[PDB]
């Protein structure tokens, strides 16, 4: 574990992370996809060997010895708000199980279901609170990656307000 487990947020490509493993915002079919998924495919394409997994689950595939945790958030275009919320919470619980199983001291994580799977809604708070619910009992340093300047500020505020 980290000596003083922390949350941090950085605004940059998660393909450039400084953590011991990465969470991919994956699709269920293990396809290169778009956004974070496409960045992860470009950086760690070896990790997409048998990475297909259902919605609400995470499946880790090693790129060399570097773990890529493929976490499949729901596409809110396809799910009802209720069932999408349930699957999004479940995907993060499976991320916390994998981070724990791997014994890493740090993990790079994007906000699941916030991009093209958002169904055109702002899900920063929904997705971040499910991240916290799952990761709070872990002792890994968690570094959240985002691209939007206003999201960085809002994530940073949510982190700092619980310290």
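Numbering follows the first chain given and starts at 1.
Asker: Could you check the entry and say whether 4 to 12 or 154 to 162 has the higher mean CA B-factor?
Answerer: It is 154 to 162 that shows the higher mean C-alpha B-factor.
Asker: If you average the CA temperature factors as listed in the entry, which stretch comes out higher, 22 to 30 or 119 to 127?
Answerer: So the stretch with the higher mean C-alpha B-factor is 119 to 127.
Asker: For the listed residues 50, 113, 57, 106, which one has the largest C-alpha B-factor as given in the deposited model?
Answerer: Highest CA B-factor of the listed options: 50.
Asker: Is the Cα B-factor recorded for residue 74 in the lowest, middle or highest third of its chain?
Answerer: Middle third - that is where residue 74 ends up once the chain's C-alpha B-factors are sorted.
Asker: Is the Cα B-factor recorded for residue 101 in the lowest, middle or highest third of its chain?
Answerer: Its C-alpha B-factor, which the entry lists for residue 101, ranks in the middle third among residues of this chain.
Asker: Splitting the chain's C-alpha B-factors into thirds, which one does residue 68 fall into?
Answerer: Its C-alpha B-factor belongs to the lowest third of this chain's values.
Asker: Consider only the C-alpha atoms of the modelled residues in this chain, order them by B-factor as the entry records it, and name the third containing residue 36: lowest, middle or highest.
Answerer: CA B-factor rank for residue 36: highest third.
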